[PDB]
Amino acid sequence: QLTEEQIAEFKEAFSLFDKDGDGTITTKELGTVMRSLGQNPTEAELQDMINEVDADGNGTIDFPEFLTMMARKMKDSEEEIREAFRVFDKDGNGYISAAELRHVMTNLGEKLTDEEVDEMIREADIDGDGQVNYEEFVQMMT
């Protein structure tokens, strides 16, 4: 009942956290992502977050643990896309700039070039104004 597409969806999300590929999400990797997403997690609540799903008490989340907690709550996905846009559009102007998109991928530790970023916008920017609006952003996600 867990489709092959949902699992790969969860695997790709896990690999975003697991920047070093060691198969585990640490407090560092969790906090790094949360900051790139505009939040400022306290180092203690980072610990409390890992603690809720760490079943074997090693202070890390691995993929099956990650899978277990994502699979429990698959109840329905549009506001998800909307909120995601609100994260990327820092100046609330309704458009995601290249710099607004750079400052997230840079913060994520994606290790992408400024041209690589600019090609991501280019693929997404349909009307050609150099920026990604919400409806362009929807098609990019979906």
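Start at 1 and count along the sequence shown; that's the residue number.
How many missing residues of the deposited sequence lie between residue 76 and residue 77 in the entry, grouped as none, 1 to 3, 4 to 9, or 10 or more?
Gap between residue 76 and residue 77: 1 to 3 unmodelled residues.
Comparing 13 to 21 with 116 to 124, which has the greater mean CA B-factor as deposited?
Between 13 to 21 and 116 to 124, it is 116 to 124.
On average, which has the higher Cα B-factor in the deposited entry, 30 to 38 or 49 to 57?
In the deposited entry, the stretch with the higher C-alpha B-factor mean is 49 to 57.
In terms of the CA temperature factor given in the entry, to which third of its chain does residue 44 belong: lowest, middle or highest?
Tercile = middle for this residue's CA B-factor.
Sort the modelled residues of this chain by their C-alpha B factor and say whether residue 91 lands in the lowest, middle or highest third.
As the PDB entry reports it, the C-alpha B-factor of residue 91 lands in the highest third of its chain.
What third of the chain does residue 65 rank in for C-alpha temperature factor, lowest, middle or highest?
Residue 65: CA B-factor falls in the lowest third of its chain.
Which third of the chain does residue 136 land in by C-alpha B-factor: lowest, middle or highest?
Lowest third, going by the recorded CA B-factors of the chain.
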